[PDB]
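Order of listing sets the numbers, starting from 1, for every ligand and every atom in it. The chain is numbered in sequence order, starting from 1. The analysis underlying the following values was restricted to heavy atoms, covering all of them including side chains, and did not include hydrogens, waters or symmetry mates.
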Amino acid sequence: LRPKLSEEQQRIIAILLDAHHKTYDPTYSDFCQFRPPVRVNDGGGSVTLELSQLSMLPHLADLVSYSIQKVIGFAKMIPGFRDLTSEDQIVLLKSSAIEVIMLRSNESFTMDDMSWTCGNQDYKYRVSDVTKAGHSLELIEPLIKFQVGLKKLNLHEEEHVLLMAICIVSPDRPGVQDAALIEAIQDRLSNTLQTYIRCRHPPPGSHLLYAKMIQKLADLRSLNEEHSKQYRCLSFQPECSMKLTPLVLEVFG
Ligand SMILES: C=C1/C(=C\C=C2/CCC[C@]3(C)[C@@H]([C@H](C)/C=C/[C@@H](O)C4CC4)CC[C@@H]23)C[C@@H](O)C[C@@H]1O
């Protein structure tokens with residue numbers, strides 16, 4: 001059976017598409033406002049050199065900080081999100097921030113050369129740029145694999161925004177108070193996604209797509225964990241806080 005999208009479900013999708021269009025600039029016109037990217041010579045991938053310089057950290061920190069602000073804006077427009085207590089809203093935002101950023105970044109990722117291309121060459125990020133920010137291949141390699149796997153699903157924008165919403169409204173995040181409420185909200189989003197796929201997504205892969213999408217969420221949890229481990233080590237580097245931002249410090253601290 002392929003039940004049609006209810007009037008409410010269609011409304012949820014419209015609201016999410018609008019939220020994304022208002023919080024994701026496909027032209028990346030704000031990027032020149034971030035601290036400039038600095039790419040030092042490190043063809044050997046020296047951890048000692050990378051940690052002593054962290055030349056790309058200021059730029060990527062601003063990029064991520066900026067993105068967290070956009071994510072907060074997006075999340076506030078998710079139907080039902082504002083019904084939660086502020087305590088639960090903040091817990092959900094802090095816990096999923098990095099995951100949603102990895103998800104939304106897929107829009108600028110390109111399989112042409114396995115990079116995130118944001119306009120001009122200065123704003124093209126490769127594996128080597130992330131290592132210059134203090135992160136290791138233990139995170140980067142699985143991240144690139146994740147980006148490629150996601151690109152291959154060829155998600156409709158409707159599916160993409162629903163996935164980010166579902167990721168944020170997760171009842172199994174540490175410290176959530178009203179898990180039942182959060183679960184009701186996520187279920188409404190999950191059923192909307194499942195219905196949209198069986199109804200609007202053409203074959204091949206009509207079905208199976210939902211399961212592959214849910215598995216990506218599991219993949220994100222793992223990446224989240226590894227990122228946290230690496231952030232901790234990074235915070236041990238003297239004078240590192242100045243290269244970040246208050247928002248990044250709170251969310252990842
Ligand atoms: C942001 C974006 C983005 C790309 C994301 C990237 C490429 C550069 C490295 C990064 C930012 C990794 C990186 C592992 C995270 C890095 C943090 O620890 C930060 C240093 C403070 C996560 C997503 C990935 C560009 C646009 O797609 C908008 C989006 O919100």
- prompt: What orientation do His227 and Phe252 show, parallel under 30°, tilted 30 to 60°, or perpendicular over 60°?
  reply: perpendicular
query: With no hydrogens and no angle check, is any side-chain donor or acceptor of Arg39 less than 3.5 Å from a backbone partner on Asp122?
result: yes
statement: Residue set satisfying side-chain contact (heavy atoms from CB on, under 4.5 Å) with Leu249, at least two apart, ordered chain then number -> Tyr231, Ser241, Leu244
Polar side-chain atom of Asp25 near backbone of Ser29 as donor-acceptor pair, under 3.5 Å: yes
task: Quick one: which residue pairs count as a salt bridge (charged side-chain N to carboxylate O under 4.0 Å, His left out) with a foot in residues 172-196, not counting sequence neighbours?
output: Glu99-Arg173, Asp172-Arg221
message: Tell me which pairs pass ring-ring contact (aromatic ring centres under 6.0 Å, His included) where either residue lies in residues 97-117, with sequence neighbours left out.
response: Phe109-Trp116
Just the distances, no angles: every ligand 1 N or O to protein N or O pair closer than 3.5 Å, one line each.
from     : atom 1 : to     : atom 2 : distance (Å)
ligand 1 : 18 (O) : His135 : NE2    : 2.8
ligand 1 : 18 (O) : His227 : NE2    : 2.7
ligand 1 : 27 (O) : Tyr24  : OH     : 2.8
ligand 1 : 27 (O) : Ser108 : OG     : 2.9
ligand 1 : 30 (O) : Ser67  : OG     : 2.8
ligand 1 : 30 (O) : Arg104 : NH1    : 2.8

